[PDB]
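Undergrad: Below is the structure I would like to discuss, written out as structure tokens.
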Protein chains: 2
Amino acid sequence: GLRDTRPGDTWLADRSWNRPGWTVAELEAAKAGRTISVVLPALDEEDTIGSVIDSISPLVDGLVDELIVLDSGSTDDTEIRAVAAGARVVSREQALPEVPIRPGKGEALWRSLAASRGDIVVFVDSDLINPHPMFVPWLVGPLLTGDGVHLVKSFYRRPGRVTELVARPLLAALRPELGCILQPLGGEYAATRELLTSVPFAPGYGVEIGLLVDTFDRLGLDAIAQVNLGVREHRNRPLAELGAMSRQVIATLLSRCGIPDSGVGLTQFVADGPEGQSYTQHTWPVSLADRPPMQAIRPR
Amino acid sequence: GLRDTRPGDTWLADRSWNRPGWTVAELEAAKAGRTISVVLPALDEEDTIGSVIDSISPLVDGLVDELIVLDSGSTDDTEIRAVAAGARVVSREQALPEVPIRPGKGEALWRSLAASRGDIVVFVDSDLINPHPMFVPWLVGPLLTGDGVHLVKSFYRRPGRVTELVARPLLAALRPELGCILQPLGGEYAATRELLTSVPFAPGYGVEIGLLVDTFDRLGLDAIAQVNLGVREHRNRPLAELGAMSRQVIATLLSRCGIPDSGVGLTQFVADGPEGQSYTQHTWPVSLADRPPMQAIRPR
């Protein structure tokens, strides 16, 4: 199974593999009333967002009913380049005006649920370097082929740290049944509205891991599927930021397991010089504050 | 305080700093009946162990009463080179013959307590590249200056991953008072026999973190001190092994916080080729089995 996996292959919970034998046009016919939205979270991604939209553009009005870029308050030319590429840009303010804004990635994806319409929502990171046009079709594949799948995660390889050292070892310890998930923190995934609007949304970088665990806890492993995207390349995350990401992943995962987190942020001690004669104390923020299920805020 | 710290400076719990104003000969007089042992855990370290012993050698018969190398069943020339350097080599079998051997670093340090004699035991890794001769004197410093210190941890800088992404963020979440510890996983530390033989010893790579938390939980932060070793350089740990280390650090830390760990090892999925057409499934072992306080096995 894992000894022969092509980009597009689905791995179900019962250790069974499913190789897709459809075209894009055939998948559109398999929708049968169900609508598909694609959401792209964006914070200062002016260089990459054009290319990401272009790979999903030809699917619009066909398989994809709406392509939305959720602007997380960008100060650069992210908005004007995304419109020029042919996607509707909705800011956090515009997505849900009647609720004050909290910082972080989790807030943006949560708000995109109120801004989107589709029965199936596809999430793709806007910092992906040259994504394959079949990314979206592969993600919706297991959902449109009705077999009780509600969340489609993705796995890939670089042409890592927090996934391999924090997320996955902690999942092995606390939710061992989720040990088969190759990329729990992966930003490329698809889910049904009925699931997305019924679960709370974790703040910041904990959004992916929280959604994965909530899906497993309330539906079981059978509702989760994994698709091979082949080779994924994205903007490299700065090494200083990974400690903060880890702490948030930890906070979110502990809260889902009923383990009380102190709410105390990670303090990093950065050496000022080569000798190490002095250290800079830097405390990253951490949030234990989930957003409630969207059904409690804006019921569709 | 952290804006001016020279190699040797002690950081106490009450955020107060102590700069040492002694010589090696003056520290020996401060012992007053108390004996000091230095333990070097060794598993296949034939290239580095000679240099490590040479830095501690001139202290023997003076400040250091005995220098012991705890051989963890080496297959190379670790034993014969350590004897030639001038240190007594005790294997796991010889350290505690009447108890069967378990694999891992934690077992070795635990067994060294039965093989050692000193009221103060100093632990130094045998894979250190050119350690400073003042390493041992700096570690025993706060212990010999009687102010209620029972464990001396160390901090340094490279001339990281698991410390910065796993150990420290998880300590912030579960034991926030230990957030000021710069290197919780550091192999260079010293403690009193009364403490070391009264606490359980965590298996494998969890030994350091377990000892830190046990000391805090039963004595408080006042018993823990930190010393600047300046610049530390050691053999680089292979990137494939760090996931296994993380899982063990996680298992040990959760167990100390009363959080049930599943006992399921981390499964890593390693890509076989460039395309990612197949994956190798690799499950690292994890142990939830502590060793009991040495007072329950060999009471001195």
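Ligands are numbered from 1 in the order shown, chains are lettered A, B, ... in the order of the structure tokens, and residues start at 1 in each chain.
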Within 6 Å of chain A, which residues of chain B show up? Give each one with its shortest atom-to-atom distance in Å (one decimal) and the two atoms involved, counting only C-alpha atoms, rows by chain then rising residue number, as JSON lines.

TA:
{"residue": "B:2", "atom": "CA", "partner": "A:278", "partner_atom": "CA", "distance": 5.5}
{"residue": "B:3", "atom": "CA", "partner": "A:278", "partner_atom": "CA", "distance": 4.5}
{"residue": "B:4", "atom": "CA", "partner": "A:278", "partner_atom": "CA", "distance": 5.3}
{"residue": "B:5", "atom": "CA", "partner": "A:277", "partner_atom": "CA", "distance": 5.1}
{"residue": "B:6", "atom": "CA", "partner": "A:277", "partner_atom": "CA", "distance": 5.7}
{"residue": "B:165", "atom": "CA", "partner": "A:243", "partner_atom": "CA", "distance": 5.1}
{"residue": "B:166", "atom": "CA", "partner": "A:166", "partner_atom": "CA", "distance": 6.0}
{"residue": "B:169", "atom": "CA", "partner": "A:247", "partner_atom": "CA", "distance": 5.1}
{"residue": "B:172", "atom": "CA", "partner": "A:266", "partner_atom": "CA", "distance": 5.8}
{"residue": "B:173", "atom": "CA", "partner": "A:262", "partner_atom": "CA", "distance": 5.1}
{"residue": "B:243", "atom": "CA", "partner": "A:165", "partner_atom": "CA", "distance": 5.1}
{"residue": "B:246", "atom": "CA", "partner": "A:165", "partner_atom": "CA", "distance": 5.9}
{"residue": "B:247", "atom": "CA", "partner": "A:169", "partner_atom": "CA", "distance": 5.1}
{"residue": "B:261", "atom": "CA", "partner": "A:173", "partner_atom": "CA", "distance": 5.2}
{"residue": "B:262", "atom": "CA", "partner": "A:173", "partner_atom": "CA", "distance": 5.1}
{"residue": "B:266", "atom": "CA", "partner": "A:169", "partner_atom": "CA", "distance": 5.6}
{"residue": "B:277", "atom": "CA", "partner": "A:5", "partner_atom": "CA", "distance": 5.1}
{"residue": "B:278", "atom": "CA", "partner": "A:3", "partner_atom": "CA", "distance": 4.5}
{"residue": "B:279", "atom": "CA", "partner": "A:2", "partner_atom": "CA", "distance": 5.6}

Undergrad: Give me the residues within 8 Å of residue A:114 as a PyMOL selection string, counting only C-alpha atoms and dropping any in the same chain fewer than 3 places off.

TA: chain A and resi 95-96+110-111+117+294+298

Undergrad: Within stretch 177-225 of chain B, find each residue whose DSSP state, derived from the backbone, is helix (DSSP H, G or I), and express the selection as a PyMOL selection string.

TA: chain B and resi 177-178+193-196+204-219+221-223

Undergrad: Please produce an output containing N, CA, C and O atoms for each residue in the selection, written as a CSV table (one decimal), in the first residue's frame.

TA:
chain,number,residue,atom,x,y,z
B,177,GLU,N,7.0,27.0,35.9
B,177,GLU,CA,8.0,27.5,36.8
B,177,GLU,C,9.4,27.0,36.4
B,177,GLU,O,10.4,27.7,36.8
B,178,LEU,N,9.5,26.0,35.6
B,178,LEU,CA,10.7,25.5,35.0
B,178,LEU,C,11.1,26.1,33.7
B,178,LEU,O,12.0,25.7,32.9
B,193,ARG,N,24.0,12.9,46.3
B,193,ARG,CA,23.6,11.5,46.3
B,193,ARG,C,22.2,11.3,47.0
B,193,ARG,O,21.4,10.5,46.5
B,194,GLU,N,21.9,12.1,48.0
B,194,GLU,CA,20.6,12.1,48.8
B,194,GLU,C,19.4,12.3,47.9
B,194,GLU,O,18.4,11.8,48.1
B,195,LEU,N,19.7,13.2,46.8
B,195,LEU,CA,18.6,13.4,45.8
B,195,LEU,C,18.6,12.4,44.8
B,195,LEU,O,17.5,11.9,44.4
B,196,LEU,N,19.7,12.0,44.2
B,196,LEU,CA,19.8,11.1,43.1
B,196,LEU,C,19.3,9.7,43.4
B,196,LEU,O,18.8,9.0,42.5
B,204,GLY,N,16.2,5.7,28.8
B,204,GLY,CA,16.6,6.3,27.5
B,204,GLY,C,17.0,7.8,27.6
B,204,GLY,O,17.8,8.2,28.5
B,205,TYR,N,16.5,8.6,26.7
B,205,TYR,CA,16.8,10.0,26.6
B,205,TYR,C,16.0,10.9,27.5
B,205,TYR,O,16.1,12.1,27.5
B,206,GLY,N,15.1,10.3,28.3
B,206,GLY,CA,14.2,11.0,29.2
B,206,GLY,C,14.8,11.2,30.6
B,206,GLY,O,14.2,11.9,31.5
B,207,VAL,N,16.0,10.7,30.8
B,207,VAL,CA,16.7,10.8,32.1
B,207,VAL,C,16.9,12.2,32.7
B,207,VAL,O,16.6,12.4,33.9
B,208,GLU,N,17.4,13.1,31.9
B,208,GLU,CA,17.7,14.5,32.3
B,208,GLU,C,16.4,15.2,32.6
B,208,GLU,O,16.3,15.8,33.7
B,209,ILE,N,15.4,15.2,31.7
B,209,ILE,CA,14.1,15.9,32.0
B,209,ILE,C,13.4,15.3,33.2
B,209,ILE,O,12.8,16.1,33.9
B,210,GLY,N,13.4,14.0,33.4
B,210,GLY,CA,12.8,13.4,34.5
B,210,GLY,C,13.4,13.8,35.8
B,210,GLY,O,12.7,14.1,36.8
B,211,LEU,N,14.7,13.9,35.9
B,211,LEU,CA,15.5,14.3,37.0
B,211,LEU,C,15.2,15.7,37.4
B,211,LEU,O,15.1,16.1,38.6
B,212,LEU,N,15.1,16.6,36.4
B,212,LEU,CA,14.8,18.0,36.6
B,212,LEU,C,13.5,18.2,37.2
B,212,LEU,O,13.3,18.9,38.2
B,213,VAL,N,12.4,17.5,36.7
B,213,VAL,CA,11.1,17.6,37.1
B,213,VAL,C,10.9,17.0,38.5
B,213,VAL,O,10.2,17.6,39.4
B,214,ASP,N,11.5,15.9,38.8
B,214,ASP,CA,11.4,15.2,40.1
B,214,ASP,C,12.0,16.1,41.2
B,214,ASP,O,11.5,16.2,42.3
B,215,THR,N,13.1,16.8,40.9
B,215,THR,CA,13.8,17.7,41.8
B,215,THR,C,12.9,18.9,42.1
B,215,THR,O,12.8,19.2,43.3
B,216,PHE,N,12.3,19.4,41.1
B,216,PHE,CA,11.4,20.6,41.3
B,216,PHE,C,10.1,20.2,42.1
B,216,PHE,O,9.7,20.9,43.0
B,217,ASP,N,9.5,19.0,41.7
B,217,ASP,CA,8.3,18.6,42.3
B,217,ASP,C,8.4,18.3,43.8
B,217,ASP,O,7.4,18.4,44.6
B,218,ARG,N,9.6,17.8,44.3
B,218,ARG,CA,9.8,17.4,45.6
B,218,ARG,C,10.6,18.3,46.5
B,218,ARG,O,10.5,18.3,47.7
B,219,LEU,N,11.3,19.3,45.9
B,219,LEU,CA,12.1,20.2,46.6
B,219,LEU,C,11.8,21.7,46.3
B,219,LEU,O,12.1,22.6,47.1
B,221,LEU,N,12.0,25.1,43.2
B,221,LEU,CA,12.9,25.7,42.3
B,221,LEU,C,14.2,26.1,43.1
B,221,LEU,O,15.3,26.2,42.4
B,222,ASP,N,14.1,26.4,44.4
B,222,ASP,CA,15.3,26.8,45.2
B,222,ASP,C,16.4,25.8,45.2
B,222,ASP,O,17.6,26.2,45.4
B,223,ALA,N,16.1,24.5,45.0
B,223,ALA,CA,17.1,23.5,45.0
B,223,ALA,C,17.8,23.3,43.6
B,223,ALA,O,18.8,22.6,43.5

Undergrad: Name the residues in contact with stretch 76-85 of chain A at a cut-off of 12 Å, using only C-alpha atoms, excluding same-chain residues fewer than 2 positions from it; report them as a PyMOL selection string.

TA: chain A and resi 40-58+67-74+87-91+126-127

Undergrad: Quick check, in Å to one decimal: how far apart do atom CA of residue A:188 and atom CA of residue A:154 lie?

TA: 6.2 Å

Undergrad: Could you go through stretch 133-285 of chain A and tell me which residues DSSP, when run on the backbone, assigns to strand (DSSP E), listing them as number ranges by chain?

TA: A: 151-157, 189-192, 224-231, 267-271, 279-283

Undergrad: Now that the selection is made, can you save its residues with C-alpha atoms as a PDB file, in the first residue's frame?

TA:
ATOM      1  CA  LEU A 151     -12.098  15.153   6.340  1.00  0.00           C
ATOM      2  CA  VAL A 152      -9.358  14.693   3.747  1.00  0.00           C
ATOM      3  CA  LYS A 153      -5.804  15.329   4.945  1.00  0.00           C
ATOM      4  CA  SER A 154      -2.794  15.297   2.614  1.00  0.00           C
ATOM      5  CA  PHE A 155       0.740  13.900   2.613  1.00  0.00           C
ATOM      6  CA  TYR A 156       3.776  14.871   0.530  1.00  0.00           C
ATOM      7  CA  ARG A 157       7.565  15.318   0.543  1.00  0.00           C
ATOM      8  CA  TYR A 189      -7.033  19.717   3.260  1.00  0.00           C
ATOM      9  CA  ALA A 190     -10.762  19.536   2.524  1.00  0.00           C
ATOM     10  CA  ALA A 191     -13.856  18.984   4.683  1.00  0.00           C
ATOM     11  CA  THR A 192     -17.667  19.164   4.650  1.00  0.00           C
ATOM     12  CA  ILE A 224     -10.545  10.823   7.928  1.00  0.00           C
ATOM     13  CA  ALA A 225      -8.726  10.032   4.669  1.00  0.00           C
ATOM     14  CA  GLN A 226      -5.246  10.869   3.335  1.00  0.00           C
ATOM     15  CA  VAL A 227      -4.264  11.794  -0.236  1.00  0.00           C
ATOM     16  CA  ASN A 228      -0.786  11.820  -1.797  1.00  0.00           C
ATOM     17  CA  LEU A 229      -0.102  15.247  -3.314  1.00  0.00           C
ATOM     18  CA  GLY A 230       3.298  14.019  -4.527  1.00  0.00           C
ATOM     19  CA  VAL A 231       5.919  16.727  -4.082  1.00  0.00           C
ATOM     20  CA  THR A 267      10.303  32.197  26.590  1.00  0.00           C
ATOM     21  CA  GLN A 268      13.277  31.884  24.237  1.00  0.00           C
ATOM     22  CA  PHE A 269      16.776  32.919  25.278  1.00  0.00           C
ATOM     23  CA  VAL A 270      18.681  34.140  22.225  1.00  0.00           C
ATOM     24  CA  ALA A 271      22.446  34.637  22.528  1.00  0.00           C
ATOM     25  CA  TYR A 279      20.944  36.747  26.340  1.00  0.00           C
ATOM     26  CA  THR A 280      17.786  38.303  24.900  1.00  0.00           C
ATOM     27  CA  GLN A 281      14.592  37.173  26.622  1.00  0.00           C
ATOM     28  CA  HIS A 282      11.742  36.693  24.144  1.00  0.00           C
ATOM     29  CA  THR A 283       8.288  35.458  25.166  1.00  0.00           C
TER      30      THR A 283
END

Undergrad: Measuring atom to atom with only C-alpha atoms, identify which of B:13, B:21, B:235, B:26 is nearest to residue B:148.

TA: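 Looking only at the distances to residue B:148, the closest residue turns out to be B:13.
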
Undergrad: Quick one: distance from atom CA of residue A:139 to atom CA of residue A:232 in Å, one decimal?

TA: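 Separation of atom CA of residue A:139 and atom CA of residue A:232: 13.9 Å.
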
Undergrad: Which neighbours of residue B:22 fall inside 12 Å, counting only C-alpha atoms, when residues of the same chain fewer than 2 positions from it are skipped, and could you give them as a list in words?

TA: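 In the requested format, the answer is residues 8, 9, 18, 19, 20, 24, 25, 26, 27, 28, 29, 30, 134, 137, 138, 141, 142, 144 and 145 of chain B.
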
Undergrad: How far is it from atom CA of residue A:97 to atom CA of residue A:118, in Å with one decimal?

TA: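 Computing the Euclidean distance for atom CA of residue A:97 and atom CA of residue A:118 yields 20.1 Å.
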
Undergrad: Select, from B:295, B:252, B:186, B:38, the residue with the minimum atom-to-atom distance to residue B:140, counting only C-alpha atoms.

TA: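 Residue with the minimum atom-to-atom distance to residue B:140: B:38.
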